[PDB]
Amino acid sequence: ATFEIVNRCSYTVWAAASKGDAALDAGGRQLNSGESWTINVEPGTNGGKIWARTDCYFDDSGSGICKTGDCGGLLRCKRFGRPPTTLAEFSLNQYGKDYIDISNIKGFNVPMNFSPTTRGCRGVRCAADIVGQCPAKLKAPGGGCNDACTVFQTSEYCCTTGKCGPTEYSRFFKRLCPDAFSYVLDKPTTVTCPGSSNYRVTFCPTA
């Protein structure tokens with residue numbers, strides 16, 4: 001499956017793509033404002049994620065740090081990134097279908113649209129200025145808007161006991177971005193696409 005990753009932000013982002021225990025394709029690349037990077041994701045990839053990283057510094061060997069979404073200091077990500085990170089989430093060829101969503105469960109850093117480029121399903125979008133509107137107690141100094149679980153580490157925010165409900169903090173994410181997961185047990189906003197669909201992830205889709 002092909003994923004075109006497009007940076008529409010006025011600032012440089014370092015795109016990242018991983019399934020948690022491996023990179024997808026090269027795993028990461030710099031995208032200056034306006035740049036597009038096409039990756040290939042193996043069919044059957046379960047629990048894949050794409051995200052943006054901001055304010056990164058890397059030496060010639062691809063080692064450094066990002067202010068948001070840092071993946072163990074690598075340019076080419078092999079693992080998930082340090083929250084807060086807006087997440088494009090996908091599992092491909094799962095009994096013949098693909099499943100896509102955007103999640104704010106691990107906080108928000110950069111707005112995104114995640115859409116098919118092929119027929120037969122809709123895209124998902126979280127384009128609002130969540131960082132600008134972020135509640136004081138969730139603001140990351142590093143940058144971005146933390147999820148409540150990350151900040152407070154309680155059973156209720158983290159959904160440990162398995163029966164969590166919405167909260168003042170989850171409802172903020174949900175108000176700003178109705179079409180993204182705001183907590184673990186949120187009413188799903190996952191879209192069913194034809195198996196082997198192709199996709200575009202756009203950072204700053206309104207911009």
# chains A, B, ... in the order shown; residues from 1 in each chain; ligands from 1
>>> select_by_dssp(residues="range 39-180 of chain A", states="strand (DSSP E or B)", output="PyMOL selection string")
chain A and resi 39-40+48-58+63-68+74+87-94+97-103+108+112-116+124-126+139+145
>>> residues_around(residues="residue 88 in chain A", least_positions_apart="3", cutoff="6 Å", atoms="only C-alpha atoms", output="MDAnalysis selection string")
chainID A and resid 49:50 102
>>> write_last_selection(atoms="N, CA, C and O atoms", output="short mmCIF file (atom, residue, chain, number, x, y, z; two decimals), in the first residue's frame")
data_model
loop_
_atom_site.label_atom_id
_atom_site.label_comp_id
_atom_site.auth_asym_id
_atom_site.auth_seq_id
_atom_site.Cartn_x
_atom_site.Cartn_y
_atom_site.Cartn_z
N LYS A 49 1.24 3.26 12.50
CA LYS A 49 1.00 4.68 12.82
C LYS A 49 1.92 5.60 12.03
O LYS A 49 3.11 5.27 11.79
N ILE A 50 1.37 6.75 11.64
CA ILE A 50 2.14 7.84 11.05
C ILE A 50 1.90 9.09 11.89
O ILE A 50 0.77 9.36 12.31
N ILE A 102 -7.97 8.62 13.17
CA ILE A 102 -7.04 9.53 13.82
C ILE A 102 -7.32 9.47 15.31
O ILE A 102 -8.47 9.39 15.72
#
>>> closest_atom_pairs(of="range 83-139 of chain A", to="range 169-191 of chain A", cutoff="10 Å", atoms="only C-alpha atoms", output="CSV")
residue,atom,partner,partner_atom,distance
A:86,CA,A:180,CA,9.4
A:87,CA,A:180,CA,9.2
A:88,CA,A:180,CA,9.6
A:89,CA,A:190,CA,9.1
A:90,CA,A:190,CA,9.2
A:98,CA,A:191,CA,8.3
A:99,CA,A:191,CA,5.7
A:100,CA,A:191,CA,5.3
A:101,CA,A:190,CA,4.7
A:102,CA,A:180,CA,4.9
A:103,CA,A:181,CA,4.5
A:104,CA,A:182,CA,5.3
A:105,CA,A:183,CA,5.2
A:106,CA,A:183,CA,8.8
A:107,CA,A:173,CA,8.6
A:108,CA,A:173,CA,8.7
A:111,CA,A:177,CA,9.8
A:115,CA,A:191,CA,9.8
A:121,CA,A:191,CA,7.3
A:122,CA,A:191,CA,7.1
A:123,CA,A:191,CA,7.6
A:124,CA,A:179,CA,6.5
A:125,CA,A:179,CA,6.3
A:126,CA,A:177,CA,5.3
A:127,CA,A:177,CA,7.5
A:128,CA,A:176,CA,6.1
A:129,CA,A:176,CA,7.8
A:130,CA,A:176,CA,6.5
A:133,CA,A:176,CA,8.5
A:134,CA,A:172,CA,8.1
A:135,CA,A:169,CA,8.0
A:137,CA,A:169,CA,9.4
A:138,CA,A:169,CA,8.3
>>> atom_distance(atom1="CA of residue 147 in chain A", atom2="CA of residue 74 in chain A")
23.5 Å
>>> atom_distance(atom1="CA of residue 57 in chain A", atom2="CA of residue 19 in chain A")
23.1 Å
